[PDB]
């Protein structure tokens, strides 16, 4: 409800040292190679939706681990090719896939795919639980980079871009990526791991500066990590777990992004604390802007919606 993290003057210069291990780049190269071995085999199934001016589909494709990934895909009912958006959603926060949002993005003139996150909403997570974990997804497979939950998720997010760009009706040169919280971290991960996106808008991105997040966050879900360490108390487990996390920490991916990025942060956000978002932002080495909202937390920011629409119109239209 109120200020809690570092003061803004300190946030502005907050830039922790990268925590990427020596084999970080090799890990991601190998991961993308694993993804490439699965044929996408995309399937569009039309959907009845109560609107004119748009055609709505259920898009399904195959991704890492042969997982079936799905979401709503909405297209302007006009001759293309169209600019496009892949939209990523918040942690445990998709209610029937946000169909109405995707439709509205299409009515704004974007062929839009709302990728649903494996295991959270509609999409399948074929990765196993190798060692047991705290309630939630944050510590699933955390003892090894190869088994960690977000490995499959990040690869799915790249694959979404490969699939949508392959469509005749989408202009592969004008694709944006967007989302908030988990959706914002997937936005930054996708732009770091794929050359497809032309521009990125990330609301208060999650999955950033893990070492600080678990010490400063006051709400879920970063605190699932804390919960995992309570239930698995070995000092060696904690060291391994933090190392695994560092391959997915968007502050370590951020220097790979080479397109324009617009980002938001609300200063009272206790879920994705300001410091962790400034850390990601400050590691970006690209055309970038951070919109800071003093009185907002982990939530829809109306002013930023205006910024987002103007940014995508500028870069994709």
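Residue numbers count along the first chain shown, from 1.
Of the two segments examined, 197 to 205 and 75 to 83, it is 75 to 83 that shows the higher average Cα temperature factor in the deposited entry. The top Cα temperature factor in the record, among 94, 226, 244, 126, falls on 94. Comparing the C-alpha B-factors of 267, 280, 59, 36 in the entry, the top value falls on 36. Remark: residue 294 belongs to the lowest third of its chain, ranked by C-alpha B-factor as recorded. Among the modelled residues of its chain, residue 113 has a C-alpha B-factor that falls in the lowest third according to the deposited record. When all modelled residues of the chain are sorted by CA temperature factor, residue 166 is found within the highest third. Ranked by Cα temperature factor within the chain, residue 257 sits in the highest third according to the deposited record. Sort the modelled residues of the chain by CA B factor and residue 232 lands in the lowest third.
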